[PDB]
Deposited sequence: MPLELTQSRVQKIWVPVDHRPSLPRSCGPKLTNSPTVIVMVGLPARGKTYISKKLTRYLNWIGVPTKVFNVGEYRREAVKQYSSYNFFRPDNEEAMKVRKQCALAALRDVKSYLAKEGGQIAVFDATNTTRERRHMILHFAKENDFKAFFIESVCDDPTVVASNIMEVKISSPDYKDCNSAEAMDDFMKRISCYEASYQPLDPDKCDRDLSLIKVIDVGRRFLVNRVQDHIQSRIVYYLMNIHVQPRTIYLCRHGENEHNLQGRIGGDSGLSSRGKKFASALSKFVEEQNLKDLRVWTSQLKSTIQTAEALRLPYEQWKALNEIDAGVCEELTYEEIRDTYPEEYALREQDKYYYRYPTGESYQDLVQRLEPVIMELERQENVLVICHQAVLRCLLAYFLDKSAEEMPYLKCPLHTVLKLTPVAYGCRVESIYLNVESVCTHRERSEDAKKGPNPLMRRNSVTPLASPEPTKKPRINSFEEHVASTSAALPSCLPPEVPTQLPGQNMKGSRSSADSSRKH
């Protein structure tokens, strides 16, 4: 009824004329994701990637890798002898690392505003899982288990070569000895390994068992929307290497005039870029390459130069500047001084009047990210703000830094899988253009001076 519209996010909220003594309160039960499985089964890979995705869509998540606690408490690894089930002391130290991590999990979800905590450890015995469940119950946390099962020696071997040998645990080993040591290490866990049994012993646990690197899944009792989204995500990512290229439309006429938004066409240089891009793509020599564009002219003209089939996504259209569309930043500053200042102070959350914020962009791009995960080689031709958002996802950049990432015209960002993340290579196609990047740029108000 009598509402007021927040200046930054433009959200209508009830006016709350605070009383003489305003009161606060202080400030959707948080969840503990329990990874399960033998070493070299992708638990850490899954932990980091899912966390990258959840934080990007706005769900504060953090990984608690018990291995890092262990490496912190023991300083330098020597051999798998540390992981022998008959190693009483180590068993004690490992359990203490687990409890220390849970201690931090508790502090994260109950005191730091965290919503999802990913507990990354083997948790291969029913007893250890029972303990974690107890910890969850007593703290009012939900528990969701993600078990990765892989009986393909080729996959295990490959996993060891990709992230284990170059691990700091093996800084003093060559590949062969590191490989040999890790296999012995894995065998240490095999005797006591009790996989999740949803059809019996674990009938009441909320879980997903990932099998054969995502070929088959067993899902038991999803409890809410967050677990729902987690399962959807897990079931649509794969590990086969591929390449994602990101770039903007070639320079357009509005760029030349310093005007934002709009649907202008390529400038003469933008067209030169489009040709260069075709030459670039050709040289990458990719068997298959999917091309995606927004539904705005400039990206489409750019794709036409490639002589390849392309698909238009309205979701890739540039951020909508609302009433500031078609204006120059100078005209925005002069015509809407307050809006200009508000955006400068909170570029990620700020929403243009009748328009969007980077936050809105992210929500809009969720489907693009999910489909990108399903794809192989793909080239996305988009716009500045959109590219920053997609780049933030791939490079795990925060919301605060997202609106300022540098994504220049006529430059391809080549992303490739490396270990637990993505490597980025910048390739400028040598065609001039303007620069659309803009960095982050009192006295009288104090005396003297659900599921």
Missing stretches, numbered from 1 on the deposited chain sequence and kept in order: 1-2, 30-32, 447-453, 462-515, 518-520
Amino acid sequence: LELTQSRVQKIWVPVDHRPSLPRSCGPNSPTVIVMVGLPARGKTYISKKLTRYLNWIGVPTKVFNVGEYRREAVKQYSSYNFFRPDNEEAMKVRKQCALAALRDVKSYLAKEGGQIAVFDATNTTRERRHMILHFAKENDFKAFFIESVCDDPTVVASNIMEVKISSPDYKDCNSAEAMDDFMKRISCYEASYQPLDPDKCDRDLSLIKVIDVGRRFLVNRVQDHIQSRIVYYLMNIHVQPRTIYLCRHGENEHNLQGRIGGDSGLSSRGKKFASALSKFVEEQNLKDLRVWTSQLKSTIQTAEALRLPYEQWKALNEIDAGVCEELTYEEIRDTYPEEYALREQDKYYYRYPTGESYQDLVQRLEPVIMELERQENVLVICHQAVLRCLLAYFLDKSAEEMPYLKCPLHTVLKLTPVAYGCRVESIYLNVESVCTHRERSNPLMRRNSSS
From here on, numbers count along this sequence of modelled residues.
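Take the two forms, superpose them, and find the largest set of C-alpha atoms that agree within 1.5 Å; that set is the rigid core.
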Stretch with greater C-alpha deviation in 8 other deposited structures of this protein, 418-426 versus 62-70 (rigid core superposition): 418-426
Core-aligned Cα RMS comparison in 8 other deposited structures of this protein - stretch that moves more, 233-241 or 130-138: 233-241
Residue gap status of residue 441, at least a third of other entries: no
Missing coords for residue 14 in a third or more of other PDB entries: no
Mean C-alpha temperature factor, higher of 424-432 and 10-18: 10-18
298-306 versus 151-159 - greater average Cα B-factor per the deposited record: 151-159
Identity of residue with top Cα B-factor, from 261, 250, 241, 85: 241
Member of 367, 265, 337, 355 with the greatest C-alpha B factor (per the PDB record): 337
Ranked C-alpha temperature factor of residue 407 among modelled chain residues, by third: middle
Residue 371, C-alpha B-factor rank within chain (lowest, middle or highest third): lowest
Chain-relative CA temperature factor third for residue 415: middle
CA B-factor ranking of residue 277, expressed as a third of its chain: middle
Ranked against its chain, the third holding the CA B-factor of residue 232: lowest
